[PDB]
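In: Turn this into a structure:
(2 chains, ligands or ions: 5)
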Amino acid sequence: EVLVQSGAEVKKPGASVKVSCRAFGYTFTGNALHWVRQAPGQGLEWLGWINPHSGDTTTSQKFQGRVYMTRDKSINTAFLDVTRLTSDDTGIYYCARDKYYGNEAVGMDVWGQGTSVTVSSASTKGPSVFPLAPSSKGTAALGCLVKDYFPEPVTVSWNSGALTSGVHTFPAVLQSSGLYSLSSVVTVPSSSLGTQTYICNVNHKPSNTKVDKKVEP
Amino acid sequence: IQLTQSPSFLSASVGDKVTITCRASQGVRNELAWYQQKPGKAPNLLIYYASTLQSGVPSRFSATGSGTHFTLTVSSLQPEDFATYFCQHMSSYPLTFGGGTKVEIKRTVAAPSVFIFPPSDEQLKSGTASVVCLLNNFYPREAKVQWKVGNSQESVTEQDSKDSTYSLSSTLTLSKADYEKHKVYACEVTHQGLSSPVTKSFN
Ligand SMILES: [Zn+2]
Ligand SMILES: [Zn+2]
Ligand SMILES: [Zn+2]
Ligand SMILES: [Zn+2]
Ligand SMILES: [Zn+2]
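Out: Numbers count the residues shown, from 1 in each chain, chains lettered A, B, ... in the order given. Ligands and ions are numbered 1, 2, ... in the order given. Please find the structure below.
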């Protein structure tokens, strides 16, 4: 019993996006379907729900006349259309099946994997990776600074995955420029700076950018 | 029709009995649900009809509610259980989710290890410079980084599954206008695990 949603979207402000949800492993017309969104770092917002049998929809008043839900019985699929897009609409959108005990909202049972939607003026760009250089000359810290890439995500590994015990990878930050930057760091003993040669692997698939870069003092 | 979830952040240890609250500003007629969400994943249903457990949920979870007051109780917290918890009401439209309650693993106070990294030469060759302050492995998570003698942005890690601590990366960024204040740049770090503020610098 599974809900498979469509892939991540990147859109300019004022545009429109259609997100799809396909149901597997249970009969589609038996349960209402909610749409819920979560902006990063924030909580859950209910957009509305649809009855895939009747085609009935209830949209939360805030989104009425902007957001639309439809369905296709043929392909056991639900649609969400968000129009007149704004920065406020950046986040992950989930479809979730209600248990619909008693033909009523009861609780959200099966969830989709979610669909990331990003809304910005910005254009696809690979990151600039900068060394964060070790000093003195006890214990020290090394890293990468992965700057000004769009859109999310990127991947960052140290010693090409060889040591995961010391690594702290910080979430990126949406800059006033409109592009993302994050930092990656590791802690090591400070006699090791002359000896070991430090790997840095960064993958930004949206720009299809793969980057390896090394940090010494 | 507002749902207030309390508290917003809770600190607890394995084996702790723990209770979480949801107040509705008006009566819901037991049409109320509780969700658990681990970071990166989607929520799971825990409770419906505000006291009834979903199939597959451990007995250590319990809930009750009367009128405008609803509670979720874990009889003994298990490591699996540190996550964020949401309430949702079905009473009428819109169906609303509570703000959330994050439940974090409580540990002993630990002071951060502070580091400062000046911009790269390579970064300098791009016409832009960023100075970074790294706070490694502290607790609790409330801490203060100050840059000045400018506008900066901070980013925090998750709680370490191994050590149960936090880390912070602050980035002070000036390309625009070698700051109208240009001598010594520094970051003062305030945390309650430290005697008094720790400072790091160069140039
Ligand atoms: Zn029919
Ligand atoms: Zn409906
Ligand atoms: Zn109201
Ligand atoms: Zn009912
Ligand atoms: Zn660390």
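In: which bits of chain A sit near ligand 2?
Out: Residues of chain A lying near ligand 2 by Cβ under 5 Å from the ion: A:51, A:56, A:58. To be clear about C-beta, it is placed using only N, CA and C from the backbone, and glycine gets the same treatment.
In: can you do 6 Å?
Out: A:32, A:49, A:51, A:56, A:58 (Cβ under 6 Å from the ion).
In: Weed out the non-buried ones from those.
Out: The neighbour count (16 or more other Cβ atoms under 10 Å in any protein chain shown) marks A:32, A:49, A:51, A:58 as buried among the residues of chain A next to ligand 2.
In: what's the strand or helix carrying the second one packed up against?
Out: When secondary structure is defined by DSSP states H and E, residue A:49 falls within strand A:44-50. Judged by 3 or more Cβ pairs under 8 Å, 6 or more residues apart in numbering or on different chains; DSSP states H and E, strand A:44-50 is in contact with strand A:33-38, strand A:57-59, strand A:67-72, strand B:84-89, strand B:96-97.
In: what angle sits between the first one and strand A:67-72?
Out: Spelled out, that is strand A:33-38. Relative orientation of strand A:33-38 versus strand A:67-72 (axes from the mean of the first three to the mean of the last three Cα atoms, to 10 degrees): 140 degrees.
In: Strand A:33-38: how far from the chain's middle?
Out: Put simply, strand A:33-38 sits 15 Å off its chain's centre (Cα atoms, centre = their mean, to the nearest Å).
In: and the chain, what are its domains?
Out: Answering for chain A, as no chain was given. Per curated CATH domains, the structural domains of chain A span A:1-121, A:122-217.
In: To clarify, I was referring to chain B.
Out: B:1-107, B:108-203.
In: Span of the first one from start to end?
Out: In terms of Cα to Cα, to the nearest Å, the two terminal residues of domain B:1-107 are separated by 37 Å.
In: right, is it up against ligand 2?
Out: No: applying Cβ under 6 Å from the ion, one finds domain B:1-107 separated from ligand 2 by no less than 9.8 Å.
In: coming back round to it: using JSON lines, lay out the helices and strands packed on strand A:44-50 together with distance to residue B:171.
Out: Shown next, in JSON lines, are those (distance: least, Cβ to Cβ, whole Å):
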{"stretch": "strand A:33-38", "distance to residue B:171": "25"}
{"stretch": "strand A:57-59", "distance to residue B:171": "40"}
{"stretch": "strand A:67-72", "distance to residue B:171": "36"}
{"stretch": "strand B:84-89", "distance to residue B:171": "26"}
{"stretch": "strand B:96-97", "distance to residue B:171": "32"}
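In: picking up where we left off before, and of the residues of chain A next to ligand 2, the nearest to residue B:200?
Out: Distance to residue B:200 across those (Cβ to Cβ) is lowest for residue A:49, with 52.3 Å.
In: So what pairs up with that closest one in the strands?
Out: residue A:34, residue A:58 (DSSP bridges).
In: Enumerate every residue touching it.
Out: The contact partners of residue A:49, taken as Cβ atoms under 8 Å, 6 or more residues apart in numbering or on different chains, are A:32-35, A:57-58, A:69, A:98, A:105, B:95.
In: Which one of these is nearest to residue A:118?
Out: Nearest to residue A:118 among the contacts of residue A:49: residue A:35, at 17.6 Å, using Cβ to Cβ.
In: Now the domains of chain A in CSV, please, with extra columns for distance to ligand 5.
Out: Listed next are these as CSV, based on distance: least, Cβ to the ion, whole Å:
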stretch, distance to ligand 5
domain A:1-121, 22
domain A:122-217, 5
